[PDB]
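Pasting a structure here, questions to come.
The chains carry the letters A, B, C, D and E, assigned in the order they are written, with residues numbered from 1 in each.
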Amino acid sequence: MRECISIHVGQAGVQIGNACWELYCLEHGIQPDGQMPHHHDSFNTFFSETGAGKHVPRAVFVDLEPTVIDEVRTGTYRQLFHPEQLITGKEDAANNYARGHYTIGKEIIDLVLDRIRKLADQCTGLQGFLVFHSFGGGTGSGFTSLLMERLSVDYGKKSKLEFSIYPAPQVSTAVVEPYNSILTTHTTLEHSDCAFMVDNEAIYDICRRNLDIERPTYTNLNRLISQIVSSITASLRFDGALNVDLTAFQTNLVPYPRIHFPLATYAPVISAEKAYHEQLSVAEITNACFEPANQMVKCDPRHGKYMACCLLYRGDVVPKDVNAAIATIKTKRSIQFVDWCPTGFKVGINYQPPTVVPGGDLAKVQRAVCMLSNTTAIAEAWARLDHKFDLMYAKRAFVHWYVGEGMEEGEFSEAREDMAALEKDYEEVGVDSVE
Amino acid sequence: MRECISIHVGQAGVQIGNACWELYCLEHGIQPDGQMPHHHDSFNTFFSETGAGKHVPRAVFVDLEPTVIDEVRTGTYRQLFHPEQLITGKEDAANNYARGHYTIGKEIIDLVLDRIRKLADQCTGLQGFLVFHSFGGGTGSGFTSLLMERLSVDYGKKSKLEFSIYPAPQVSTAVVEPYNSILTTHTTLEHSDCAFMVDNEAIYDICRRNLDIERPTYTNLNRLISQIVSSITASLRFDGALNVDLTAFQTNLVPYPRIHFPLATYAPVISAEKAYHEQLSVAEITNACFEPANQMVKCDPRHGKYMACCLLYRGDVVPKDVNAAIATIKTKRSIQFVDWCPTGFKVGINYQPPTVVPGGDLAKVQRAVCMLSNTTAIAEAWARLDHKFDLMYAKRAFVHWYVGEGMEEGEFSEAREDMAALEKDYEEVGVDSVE
Amino acid sequence: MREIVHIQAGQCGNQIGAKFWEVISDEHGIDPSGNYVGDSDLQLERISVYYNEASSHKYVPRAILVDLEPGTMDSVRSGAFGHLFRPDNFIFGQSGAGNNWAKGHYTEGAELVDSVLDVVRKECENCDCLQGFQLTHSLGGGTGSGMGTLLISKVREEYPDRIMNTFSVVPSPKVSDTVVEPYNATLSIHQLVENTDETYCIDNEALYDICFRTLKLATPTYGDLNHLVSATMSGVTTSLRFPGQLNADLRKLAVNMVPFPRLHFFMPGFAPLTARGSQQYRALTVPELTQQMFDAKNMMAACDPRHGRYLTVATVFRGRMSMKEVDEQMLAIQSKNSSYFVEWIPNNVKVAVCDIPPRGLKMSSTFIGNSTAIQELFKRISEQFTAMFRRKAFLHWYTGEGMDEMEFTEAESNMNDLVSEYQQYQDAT
Amino acid sequence: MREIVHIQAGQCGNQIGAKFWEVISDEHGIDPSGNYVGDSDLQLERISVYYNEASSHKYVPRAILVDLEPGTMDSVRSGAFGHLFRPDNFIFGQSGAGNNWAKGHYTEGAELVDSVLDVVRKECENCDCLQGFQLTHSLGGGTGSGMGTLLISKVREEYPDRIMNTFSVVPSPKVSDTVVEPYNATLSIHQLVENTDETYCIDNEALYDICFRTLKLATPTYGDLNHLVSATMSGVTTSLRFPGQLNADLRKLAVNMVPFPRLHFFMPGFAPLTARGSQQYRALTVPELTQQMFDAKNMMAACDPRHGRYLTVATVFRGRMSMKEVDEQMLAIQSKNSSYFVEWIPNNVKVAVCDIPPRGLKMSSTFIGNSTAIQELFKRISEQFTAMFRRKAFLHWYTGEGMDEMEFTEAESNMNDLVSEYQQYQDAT
Amino acid sequence: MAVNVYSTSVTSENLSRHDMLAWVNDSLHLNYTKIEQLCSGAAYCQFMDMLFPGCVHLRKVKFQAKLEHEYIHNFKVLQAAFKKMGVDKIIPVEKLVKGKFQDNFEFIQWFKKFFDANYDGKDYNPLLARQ
């Protein structure tokens, strides 16, 4: 009766969707064929039910290159999905926001919108959309920008959360990532009700340090991101001692409308061989969360301020221990709150412990924690992009590709001033008040 | 004791007859040899009964070229039909209304009328005639026009339904379809108690989109049309929560005597592979019906007005959900009713679910819906034909074939002014009145 | 049911007719002896259209062979597939028309026209309900041209409402096989435009070009050209002798393709056509055939169709195919080719589909095109006619048989009126 | 979906294409006859990119063979892997361009360009969604150079938004295989910079050096050089025909690698390369390949990259590898090599990863490098052009075909403008 | 033609209940005291009248509406006007007709945004249009 649909844009979106829906199928005891041989109808959120025992997800997988969609279709999770929401294009945007937003994205936007409206019209208590896309690829950035525009025009007040793959500072896979990132950020700034940044370099570092996997693959990063999303949706999907909804996320984490960019962190992340040797107390895992190494963005929060934080616990969690841990965190030296916010902590508790996927890398634990922080150091990252942008905008590099596909140079300019204005706003929020 | 006979004119008529009578034989549990190894005598409507258990249809298959009739005779349904109602000519009219209405049609019209009278005289409560013919072929158009004249002169007031193959906007098989179409429409406008337009291009699009048959044949279109006809006759042939008769169709759908041209739509149309993954709620199928893509004519209703609608549901249909779905349809934006009709919905309910043909393309469902709508956008289609006609009438093309076969140029002219008058009537109905 | 009498005139007519009857015998599974050795009742359910049932389960073709020299008749009799023809139909002369149209239409043809018409009347009386006649002849030689014109005139005066087909070989533009073919072609086209409901122009140069380029046959014998012509005949007629998802006959094609009574001269085409080795390297789908036809290199007429406009196009198909794909291909080829089709005929394409492929091939087709490009042909002949009539070249030969110069003048004037008529409808808007 | 039409021109193009189609047949598991004898559905799930499925489960290449001398076509037909090609694509001349660019672009090429474009048009109509064109030719001989320039011009004028790949053999710096290659190369590079979206310069001297040093082959036949070129081509295309953890195609590489429309001349490289005996003495891990590429001795272009700057670098991987290790090596090789990369392009490396290794090898890769060092190449050619154009050496041969000195002057000026453009962006800060 | 806008998250541009109520009262010269009374739809129809001359036909709308089907008919007229002007914001009539605060306020704040988007500066008497 509480519905919330997912929209996966780009190849990264599709792979994270594979991971997330595998995790969901394990969580609710659903076979890949859709049958079912601390729990409410918990699955009614993500899984719509047919006449028989078959359950199908409420998600849309869209990508202009049919490769990953064919892999999903021919994969193990074949019978599960309804064949319509596996939408393919013909040619990829090829890391071109122009191609993914003006030239090709228009050719299939109507079909995607029609499938979304069919999905929504049969729901009862739809809360919102979980958008999984990257800023690197042209498909992800451009098509997501267009889709958020159209959804905002069509649906008035539904929370629209973005779990984007923010481009890394030094470990970059493309060459034109800054252009696409600036364009998509400037476009989605006025539709993204809350956007959660996550970076590849930090997750690589976490995997090498904690999971002890010297050579991790994207499967592992998708597993961690899926765990984050499951922790976020646990309150909706399960009984909890202290429930929290999506509107609560959108309200407690966004002090100003333009500054809506929290970052995520998960704990504990320890291997089965290291599953023992420590009891994983709530204070211990919270200390691990607030440690700058376990964060999933290449930014040091100790050089900024914390406007807000939201901690979600799941499992056998004792609330007084939660209070003691929070107080101890507040007392420490590396956590100074901003002047205008004397209370920046939200707490949610769920009884359902995290679900361990067979063949995975993590270990089955009894308590788990997701940390969502809206802090100030993230603004520093923006500066880097701006600098990069300006460098590649000094010589008009790669501009012709966008120009010849329905883009204006003034759009690049206005994106640049909008990013500079966002940085100025972040800096102004950073300072303290008089008196 | 509630009888209604069928008349299939032209090759299209004969093929849709094959499909419809296959569907009927399946519905009432009739072997092709006429034996019987939610039900009342349900079969007494279409099937007359002999001394033994053999049942024979009350239909007339008439066509001037013996090819399709020989195929029916030598086909699987050989023993079923009474050999008299398989009436053949000697030469085909060859896409010539003149040949099919003045020269050749006269040579066998008396036999057809005699057989129809023989069928009628042994009935008890005959409601009317279901005429299946095309506007493209000369046989269909001309012979149907002549037969409608003779039946109207002979039988005073019995409902006479026409399920015609309206010529498509761009996908044509003939060259002289405009002349035949205007001539037959002008001729039958005074005899057709209600004519239901259906187009080939739209059914091609439906089959490609929904049935996922990348290369469908006429068999599938005939199956769909047979399903429509069976849905129409379900109320007569079966028990229902809310029964509806042919006079009800003729009354609720015809506001003005000259405007009696509804269009048909069927739902759901989904494959066995896609039979799962959605529950096919009544609201869902009704939304599919009112969607402009699922309509069977290349005319988009969103640029016109809905004068009337008649929806027939069959299967396990709960009436409150019907009411809720109809209310939601009325609330939407793409359905704006005409000023003079504040109530344009008729609803019929039948307990018998639709019957699946072995070897077919659709999937066995539990609920089914037929939408019979008299709207205004259909008038646009007429304009197209008119334009074509005038173009073909600009240089007197193909006129000699009609002139030298018993036709006057004044007939073409008067058909043209009558058709223009029909367009003007449609337009004046479309507009709103003062106060 | 719907029986057709086939008449052959001239050496060309007899050869194409023989190869045509061979093709038909293969289609219906008939021995040269005339017995039935097929394996499907579909072959026999409509055998009566071309074949008459003699006693003892034997089938004889409903064909008449006409010539003025015994060489062609002897060649037909001696070779295989020759015992099937019923002997009295072998009507032939002794001297030959000598490549003179006057002797083929006035002097020598008058000595056999009566016997030919007695055979024709007997066959018409014996048939159930006649459909029409088809003539295979040429306009180059005197025999075929004159005799065919005379037969068409007398028959159409004997049967007004029937339909009559002519498959006339038109002289090549580059080379001329005879010397006085201008006069013969002019008079024959005059007679045809008076008393024929359609004609399929066929040109030897175009057939040679198709055989050399598309078929990759470096040594094309006349047998192969007759094979293509016979295949075209069979593809045209196949809509009548077998069931189909959209049945047609000769009458439907005549009605659809003839917007004006004079304009009844068409161009034939066949598909698919592949070399011996290049057959398995191609998938035979509906769009492949459609793109094979609409081009100059697959047209059996010696005139580039792109010089003019397409008035109407009839397309017959054979083999189990999805009708929507046929329709989509036709719509696409019309839409992308809006320039070459007449505007004041919207949707100017007729489509017919049968169910029986034509042997070895799983599906094939046949193309009939009514286009104005053929007018060039006429003008060329007209010019040559003038070039040979201004100085009275060879005129005394036709003058010595009783024909008058006035007749040549009327024929030339009527042909020029036809040329202007095509030009005007090509310029119509 | 995303079908590619592959064209080869000249003897060099023909031979590299034969080897390329051999490599592709091994990758997709296809017999010489064209049947499928693979063992994984992944080989067939994207067979349509290069192969057209004819009837009877047979697959034919989507390739066009063009030359002016029948020897190369006969060699291709006679040898193994020759029956899979469609014979109508075997388009060839009779006399040969005689190492003259004018005859290959103006006189002789004009006699076959129409047929080549009709074949191209048919293939484009037949394919589902055309991706782009890739041409394999050389700039030394007249045939390949001139005919390829003409074909690229005509095709790009027939299809503006498609992309075109050209894999052109550039003459060696030390020795010259022909005598008048300066003019041919100048005109060909003019045409390429006008109407190509990218080009991969390949040099015979560099290939010989790679074979002798790295491969330890003392007797390198042309087959081995063509094998390396084909392996590079397949490694470039592999991101489109198979799944991968980070999928790419030709479009992504073109967009990432071309910051300015004129600058689209690249260098290829392949890895791993080991001698016959030295293969088991080395572990095939990601850093080994990465350190194998970024060096002079593994670049197929006759120019030391360290003389200039790296503008962009594309790297494609094949085989199951951990992405983090790939990313770490890319970051390290960029960080320790800050001097040779452009500063105003931060993160100037494109990375693509597939999942199917290349036939035996556990994993491999492919390197594309957009660097300014190739400008030296151009200058050398330019100088030679002047050295042969100041005194009008062999000029009358191209003057006798109708082209005048003005094309030479315009081409030389445009090439010098390109050189200065490279120099300016090399000096940018 | 008319331009269209949206409303996702903006500060210092969200007006209070009483302020918008005074805005509608002053722009149409009436005395609504509850914003959910805008479920009537008459205010929206007269607003459309004032935004574009003609573009509607006020004879059909029922200013004395007091039942649900009357609300639905008024919203049908409003939807026809929206279609005519090309503004493509689908309106949730089903939630609006019940007359509850949430969707009524949402629709009126979006409508205030759209009104500020497409207003010129004309003056007239709302009463003459109203009667």
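Keep this in mind: contacts are C-beta pairs under 8 Å (C-beta built on N, C-alpha and C of every residue); 3 or more make two chains touch, one makes a residue touch a chain.
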Chain whose Cα centroid lies at the greatest distance from that of chain A: C
Chain A and chain E, separation of their C-alpha mean positions in angstrom: 37
Centre distance in Å when chain B and chain C are each reduced to the mean of their C-alpha atoms: 41
Approximate Å spacing (C-alpha centroids) for the pair chain A, chain B: 54
Contacts with two or more other chains, residues of chain E listed in rising order: 90
Which pairs of chains touch, using the document's own definition: A-B, A-D, A-E, B-C, B-E, C-D
Footprint of chain B on chain C - complex, ascending: 1-2, 41, 45, 129, 131, 243-247, 249, 251-252, 254-261, 312, 322-325, 327-328, 330-331, 335, 343-351, 425, 428
Interfacial residue positions of chain C with respect to chain D in the complex: 275, 277-278, 280-284, 287-288, 291
Chain C partner contacts - residues on chain D that touch it in the complex: 52-56, 58, 60, 86-88, 122, 125-126
Chain C contact footprint on chain B (complex, rising order): 11, 15, 65-68, 70-71, 74, 90-92, 94-96, 170-178, 200, 204, 207-208, 215-218, 387-388, 391-392, 394-395, 397-398, 400-401
Interfacial residue positions of chain A with respect to chain E in the complex: 152-154, 156-157, 190-191, 193, 254, 256-257, 260
